[PDB]
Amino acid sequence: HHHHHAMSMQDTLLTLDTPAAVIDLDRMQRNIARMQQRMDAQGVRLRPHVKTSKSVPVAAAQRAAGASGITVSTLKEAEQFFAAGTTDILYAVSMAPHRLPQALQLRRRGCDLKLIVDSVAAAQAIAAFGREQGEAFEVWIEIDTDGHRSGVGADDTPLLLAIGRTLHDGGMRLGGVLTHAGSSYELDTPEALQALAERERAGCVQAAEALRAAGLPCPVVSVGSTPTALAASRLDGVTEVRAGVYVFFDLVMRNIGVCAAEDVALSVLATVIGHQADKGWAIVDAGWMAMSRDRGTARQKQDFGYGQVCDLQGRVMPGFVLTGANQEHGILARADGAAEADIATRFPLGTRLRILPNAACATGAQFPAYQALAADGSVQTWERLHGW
């Protein structure tokens, strides 16, 4: 009854509508194990950044493999994962004072939500609101270890101490420091990545040691980007590493050199809807609205256009990429710029293909849900969050 109805209802890659975001669950599990084993080898916790998937069943797999808590990039993510049972949540974006009532309400409901700041003004806002509301917020100080984005300079002891004392004197819980070495995205050699992972570790530990030297607590030291989590040779002084895009990987990571195209677990299922035979084009229904506008591979060692073409079995078809994209139309052609002869027999109308993305975080956000592909060929819909 339940059985017979569910079979006659269950989808495969041939029955799905296109475009669709497909997770190869076997590749996803191998990626989750690889990262968790590496952090276990290092004796550090893994606090996965769920911004890559924003999907409960994906985070559940990461927790099942040994992850401790999660990092989120929005309070919407904190709300969704808290409602799904995660209590240990780091909101790793410089806290806006106007979001303080939502952060308070989450903590009041039982979410052990941590906030981050990098300025004396944001620390004063949190501490003043905490005092007025009788709430000892936990706050960590964000450190700039590579010049990329937010944070207090690791060697700026006077600002570190001013922010740490503002929090501690004001009765908040100064819980740690964190950094994200996002400049790792510019590198493409194991040497350079190892040296940057060492700078990220050294600088975040240096900031923790300056706070402690002044008598302030700083029990957590949190570092990480996917490339540096995979390349660090040593993590002395670090308590946890944050990494997110690893769960799926993507062609940017492939080009950085921390994975192979065959480790990429996310692909976009697409149908061939036409051709321009004289130009060697196949037109597919995955345009930039499916792939996203991310072109992070354009300035790396191999430009994959709007994505690398794979056959329906997920095997790369070398030399064919989406060379261009409009909103709902992707232009499939030879990467080397030749006109494929007979493109229409190589890619007949109605043929389905799988496109590996430049950037899994940007492609995944284009979809309300993923289709999680099991080894038997069946798919299940895994919702993910959109918006704020």
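Position 1 is the first residue in the sequence shown; the rest follow in order.
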Comparing 268-276 with 112-120, the higher average Cα temperature factor in the PDB entry belongs to 268-276
Higher-scoring stretch by recorded Cα B factor average, 127-135 or 308-316 = 308-316
Please work out which residue in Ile23, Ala20, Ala365, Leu13 has the highest C-alpha B-factor recorded for this crystal structure.
-> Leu13
For the C-alpha B-factor as written in the entry, point me to the maximum among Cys361, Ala67, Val50, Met39.
-> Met39
For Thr297, does the deposited CA B-factor place it in the lowest, middle or highest third of the chain?
-> middle
CA B-factor ranking of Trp140, expressed as a third of its chain = lowest
In terms of the CA temperature factor given in the entry, to which third of its chain does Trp288 belong: lowest, middle or highest?
-> lowest
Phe81 - which third its CA temperature factor falls in, relative to the rest of the chain = middle
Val258: CA temperature factor from the record, placed by chain third, in the highest
